[PDB]
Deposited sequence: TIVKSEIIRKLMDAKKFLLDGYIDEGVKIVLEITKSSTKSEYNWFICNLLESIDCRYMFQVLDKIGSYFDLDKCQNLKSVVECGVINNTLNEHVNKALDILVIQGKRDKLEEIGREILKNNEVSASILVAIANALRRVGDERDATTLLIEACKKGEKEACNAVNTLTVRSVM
């Protein structure tokens, strides 16, 4: 059964056996259709260790429609935990804005407020401003300016 094979792939991935789990996933991708295994990526992202999330996405992210996932805050969270910004994190942010999940964006905002780099503060600040949260958006850009982020300082000065 497809779902059993997927659960098999899931365990490998959660355990760091990336190649093994990906091989299984690519098998399913060949035998079935998107609108059948797409849910898998959302499911994995909910619990996969941040140490592996991006390695997995780099290999198989393209086979899924991430915009269908409602838990993309999980991707941003790994960006914050890994104190790293990347294309996966940004796309997740853009999708969160487009889904109108202001609640998730605000949670991330409070959580980072402080060890994250200026870039991350800037990414979330600008996403927040896109959902109507100027107060937190500003608070973050102010912190980024404090951390030495130039453009952030210039933006704070314009408000």
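A.B. asks: Against the full deposited sequence, which stretches does the structure leave out?
C.D. replies: 1-5, 119-120, 167-172 are the stretches of the deposited chain that have no C-alpha coordinates in the structure.
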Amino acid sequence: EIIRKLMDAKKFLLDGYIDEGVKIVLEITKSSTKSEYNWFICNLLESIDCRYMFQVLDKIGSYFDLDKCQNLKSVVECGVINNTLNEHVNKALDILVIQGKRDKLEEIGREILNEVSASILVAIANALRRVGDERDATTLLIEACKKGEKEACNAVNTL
From here on, numbers count along this sequence of modelled residues.
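A.B. asks: Per the entry, where is the mean C-alpha temperature factor higher: 5-13 or 133-141?
C.D. replies: Per the PDB record, 133-141.
A.B. asks: Check the entry's C-alpha temperature factors for 57-65 and 33-41, then say which stretch has the higher mean.
C.D. replies: So the stretch with the higher mean C-alpha B-factor is 33-41.
A.B. asks: Would you mind checking which of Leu96, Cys50, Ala125, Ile112 has the top Cα temperature factor in the PDB entry?
C.D. replies: Spelled out: the listed residue with the top C-alpha B-factor is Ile112.
A.B. asks: Can you work out whether the C-alpha temperature factor of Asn90 puts it in the lowest, middle or highest third of the chain?
C.D. replies: For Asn90, whose C-alpha B-factor we compare with every modelled residue in the chain, the answer is the lowest third.
A.B. asks: Which third, lowest, middle or highest, does the C-alpha temperature factor of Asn71 belong to within its own chain?
C.D. replies: According to the entry, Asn71 has a C-alpha B-factor in the chain's middle third.
A.B. asks: For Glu46, return the chain-relative third of its C-alpha B-factor as stated in the PDB record: lowest, middle or highest.
C.D. replies: It falls in the bottom third of the chain.
A.B. asks: Determine, from the deposited record, the chain-internal third of the Cα B-factor for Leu121: lowest, middle or highest.
C.D. replies: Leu121: CA B-factor falls in the middle third of its chain.
A.B. asks: Could you place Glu106 in the lowest, middle or highest third of its chain by Cα temperature factor, using the values in the record?
C.D. replies: For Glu106, whose C-alpha B-factor we compare with every modelled residue in the chain, the answer is the middle third.
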